[PDB]
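The structure under discussion appears below in the form of structure tokens.
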4 protein chains.
Amino acid sequence: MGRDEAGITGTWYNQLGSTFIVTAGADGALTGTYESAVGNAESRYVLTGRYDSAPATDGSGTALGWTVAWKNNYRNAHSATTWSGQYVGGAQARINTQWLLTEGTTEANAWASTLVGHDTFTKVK
Amino acid sequence: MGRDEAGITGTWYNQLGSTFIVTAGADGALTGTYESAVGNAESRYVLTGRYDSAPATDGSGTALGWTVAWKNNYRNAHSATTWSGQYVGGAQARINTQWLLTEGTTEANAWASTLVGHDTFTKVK
Amino acid sequence: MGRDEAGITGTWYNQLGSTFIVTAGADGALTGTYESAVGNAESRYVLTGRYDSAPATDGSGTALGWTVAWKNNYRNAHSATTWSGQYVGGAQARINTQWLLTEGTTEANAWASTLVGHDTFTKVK
Amino acid sequence: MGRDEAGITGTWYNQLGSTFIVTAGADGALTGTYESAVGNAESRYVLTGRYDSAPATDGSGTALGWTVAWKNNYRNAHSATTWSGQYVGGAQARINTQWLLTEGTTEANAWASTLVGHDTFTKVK
């Protein structure tokens, strides 16, 4: 069992109203689906990622990341978002992330290919 | 078959001398191993990610991302890197990425949790 | 007069308890001092930046940025932070930013030179 | 005199063909003009920034940053870019940066307000 396997597994919501459904494996795997409340997206998209299954015991957070490519049976936004952040456990559990969203571009437009932002996920709302 | 499944699959090297070994699935999956030439790392780490298996035909790049959590049987750096970028095919194929590397921290130090940088991968060196 | 010259000018506080004192010029200049509640810093540091003195009238925010180099008469942290974001006016005015903090490194360590994060500034606290 | 005042002062060119003209002051100031070869820009824009005027003597780089707001007498792109990076001296002097480019948006679109990228400046081309 990963130390935070049970803490991470389940349904999470961010500040935009997006929904992240994840299963944490004992081996450090994250698998699930993402539904974005914003952007060129509809319905659910596959996600995959990794987490630290043996975090420090000094009250540090648990490092994790995941990827969504924005193609499903409904739409293709020719883009991928990666979230990098940490899981913080306790009464008000949260995942605090920063993300990079790259779109496919021509070489001429590649300077303008990547957005950056930050999402906070909680188990309520 | 994903349009760039055969182009992405294989062994890639970045400017630091790191090695990325990836298999691209027809469904948009990326699986493989990463070996970092720098940092608190040794030997290979599991990676997982996603790519756009049906990219635009206008000469745009192919959006992709992947995650490594820096725990293996040798070391645990209590961190995760996510790479977000695009695959550009042709004689001099490349994957151009930006990355976020988050370490687990206490809440007091969380402002200092995340590095950002950029890696370029090629099929030679 | 810049459209938001009077809105931006004054004293701002972020979520860490840092204090930003700024004067907005009619020409798009930002000048002032920054005091960080965290990190290798004490007392005030000079800041300089720029803002859009003629923003869109469609309810968009006002784009701005500024720099602090972390050298003053007390300490030198051999680093510089740049904040990039937007000013949003009204009852609960805010400046929403993302920042890059680069430290001077050797060429070998340059991959690890730059932190990224996000600060929200308000006129109260 | 700042240790790298003479090294930084002058004309720099990046990989896109943009031109950065800067004067470094003894007090840590950077002032000058920027001309972008790409994007919603024409002619020169005012820049302001800061650098570490007393860097480490261990072969570390010199931390610096600067801001451009993309308004001049010709155009207004309602955006600001901040560059954060380091100056590396010697036969092949360079400024290695990462940047954040924020556009003014409505609150609904603020998740999509900020691009990230990387520019390398040299004294030739």
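First residue shown is number 1, and so on along the chain.
From the backbone N, Cα and C atoms, a Cβ is placed for every residue, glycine too.
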Check your understanding: Say Swiss-Prot lists A:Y34, A:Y45, A:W83, A:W111 as binding biotin: which of A:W12, A:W99 is in the same site, per that record?
Key -> A:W99
**Study point:** binding-site residues in contact range of chain B, given that the Cβ distance is under 8 Å, out of A:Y34, A:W83, A:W111
**Key:** A:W83
Practice item. Would you count the other C-beta atoms found within 10 angstroms of the C-beta of A:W83 (biotin binding site) for me? Key: 32
Review point. Taking the Cβ of A:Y45 (biotin binding site) as reference, which residues of that chain separated by at least 6 in sequence fall under 8 Å from it?
Key: A:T33, A:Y34, A:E35, A:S36, A:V68, A:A69, A:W70, A:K71, A:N72
Check your understanding: So what sits near A:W99 (biotin binding site) in its own chain, CB-to-CB under 8 Å and at least six residues off in sequence?
Key -> A:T81, A:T82, A:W83, A:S84, A:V116, A:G117, A:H118, A:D119
